[PDB]
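In structure tokens, one chain follows: the form solved without the named molecule.
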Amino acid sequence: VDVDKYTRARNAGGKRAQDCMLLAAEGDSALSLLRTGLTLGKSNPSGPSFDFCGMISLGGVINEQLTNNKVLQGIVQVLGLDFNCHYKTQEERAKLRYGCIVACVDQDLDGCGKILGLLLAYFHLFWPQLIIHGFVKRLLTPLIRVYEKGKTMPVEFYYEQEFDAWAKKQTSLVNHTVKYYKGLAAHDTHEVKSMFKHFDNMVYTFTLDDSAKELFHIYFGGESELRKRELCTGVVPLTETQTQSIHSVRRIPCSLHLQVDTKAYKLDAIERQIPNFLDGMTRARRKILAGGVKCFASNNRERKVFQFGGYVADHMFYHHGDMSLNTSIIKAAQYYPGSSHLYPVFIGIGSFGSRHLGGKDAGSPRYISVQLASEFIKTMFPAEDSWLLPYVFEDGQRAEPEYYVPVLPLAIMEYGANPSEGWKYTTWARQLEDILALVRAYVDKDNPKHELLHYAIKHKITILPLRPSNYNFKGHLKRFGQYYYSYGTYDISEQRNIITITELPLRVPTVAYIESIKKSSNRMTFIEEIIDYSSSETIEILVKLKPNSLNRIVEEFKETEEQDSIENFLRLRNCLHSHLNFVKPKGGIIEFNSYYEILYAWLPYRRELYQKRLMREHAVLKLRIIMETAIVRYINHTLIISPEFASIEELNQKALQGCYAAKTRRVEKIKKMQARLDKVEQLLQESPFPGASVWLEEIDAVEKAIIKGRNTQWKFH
């Protein structure tokens, strides 16, 4: 009979119950904002007060089990709701203790879309009539406020599209300060008073239409392929026409909320686990790579893991915590047989882990140092074409790019795996002799199979082979049926009755392997002790057998032709199952049936970028030549001399709309840039595609860098 974090209204449940509203706050921070607003006193005479208004918390809330949720039961109790009753008439709705329920949640992904989505789904599942008649409402707080110098009244936008339209029609956004409020806690004290001064103008009602019935089933309660189909297309933002209709009459359709807010939350959760197929890394890992380049620009100095982790959070807008950040940074620098990265981003200084514990024995971030592998990164991810990539913007500030387009596909050349559950992802790295052969054949005109490969693109013939990488693996890779198997290596000492394991399967940690063997009751009946005398990056496990058990080993495992009896008695074989799940660059989920498809899909993105690289280079060379010619004749700045993330058309428009022995060197540089422009004009005309020769040169640089890294232990020193 008691509900925690609930403050009843004065008129709640009385003769004025229909005039009361219940504010469902997402958390304690939301409750504090509501309490401040609801108690402005005489300062806001027309605003809401605790009369005809109550508060309740939606904390936690993370059919049979849905009704057992304590938070949901509290909402039902305080509202007077009852099951087995359909509120199809006004009289049946008149007995509720509150006129309506208003959801006060953050406008972020872990806000409306997840908390509000469950609340809408909960009401739709049991009382669809309440949504139709407008019992469920949403408090739509301003999202973006633009403050202008000399003016105390900001401009408030409830959607990102509205700000973009306003910003486009703005002559210059120099004296305007833009602030993003993705959560209720971000509003300042004076802004809260402004919000509650017009409280009735920010209450939006939910309307149930025909299309929302299917969407509620797809997003909530359905784990079938119906959810997967909706998640393969990405998020479509609301158009201006839909936005204007919402603001004209404050009634938000349920379908629009599900298609935008709920889908974005679902995709964001996947994006944190499933990498993009262009660069083979998630958004968290992209921030580390982008932060690594910025932190280590010249900066040929070692940094501690926690020191570098602070840089990523401060500069690349990483807010998921240092515990996940430090672990991800360490994994980016681990280099050992069976490690996730065959070509680590950073140089491992200290004890970053070992194959025995699968990287879990890494040192503390306090003592472990991280240094960027500058030679490898500058070749695989060129800094010259990083400007052309699209960039993620966090609260109006530039962040790590949407995706990277490396010279070679990292999604194929690395051991990818997804922990936990949901959208299984497993990638086995292909060796760097088939990848180079396939890519060079596509690019090099002189290659004998250049014509055959292009014809195979449209038909998926797959003339050239792709095979799993055997690097740092002294075992056997055998293909049976349509699956690859990796076999460990063992040695048998007949006189000492000891089986020595000189190699494990491809991605099997030593400690976990021994535990798996030690937990097999049948296996323990033949051996007496296992001793792990293995070194670093090399396996040497001594298995001591019973005095008369070696002959009985082969008699029980039947000596399968596919797998040896010892390879059966000792789990020295594993199947290289691949779950090629990736997120598209524009958003969504894409399924790949083979590693050829991933390489084929990645090729256009790299090919187009080289054309975009030259087109922007061709345009900027013309502008600087004109600037250099003009000054020499006399004898805009900060943009032509220092280009930035500007498109081809944007650069041309802004360059014209701008303001205003030594002489010998000015003439010399004009000849250099003119010759380069002629070289650029000589390019972007080759037979295969524009900038094909540049791609071949970068492949050699990447291959040379990888060879140098492999000659050392990825130390480069």
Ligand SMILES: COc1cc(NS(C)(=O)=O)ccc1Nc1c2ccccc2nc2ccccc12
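Numbering starts at 1 and runs along the sequence shown. Take the two forms, find the largest set of C-alpha atoms that superpose within 1.5 Å, and that set is the rigid core.
Heads up, the form solved in complex with the named molecule isn't pictured, but that's what we're talking about next.
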{"query": "Interface stretch in the entry with it bound with the named molecule - options 650 to 658, 665 to 673, 36 to 44, 65 to 73, non-hydrogen atom within 4.5 Å", "finding": "65 to 73"}
{"query": "Proximity to the named molecule in the entry with it bound, single hit among 680, 53, 692, 58 (heavy atom within 4.5 Å)", "finding": "58"}
{"query": "Contacts with the named molecule in the entry with it bound - residues in 4 to 40 whose heavy atoms fall within 4.5 Å", "finding": "4"}
{"query": "Core-superposed comparison between the shown form and the other one: the option from 375, 214, 564, 302 whose CA moves 2 angstroms or more", "finding": "214"}
{"query": "Core-aligned CA displacement of residue 392 at least 2 Å between the shown form and the other one", "finding": "no"}
{"query": "Core fit, then residue 682 C-alpha moves 2 Å or more between the shown form and the other one", "finding": "no"}
{"query": "CA of residue 464, rigid core aligned, shift of 2 Å or more between the shown form and the other one", "finding": "no"}
{"query": "Closer or farther: C-alpha pair residue 231/residue 605 in the entry with it bound, relative to this form, given a change of 3 Å or more", "finding": "farther"}
{"query": "Inter-Cα distance between residue 231 and residue 606 in the entry with it bound, nearer or further [3 Å or more]", "finding": "farther"}
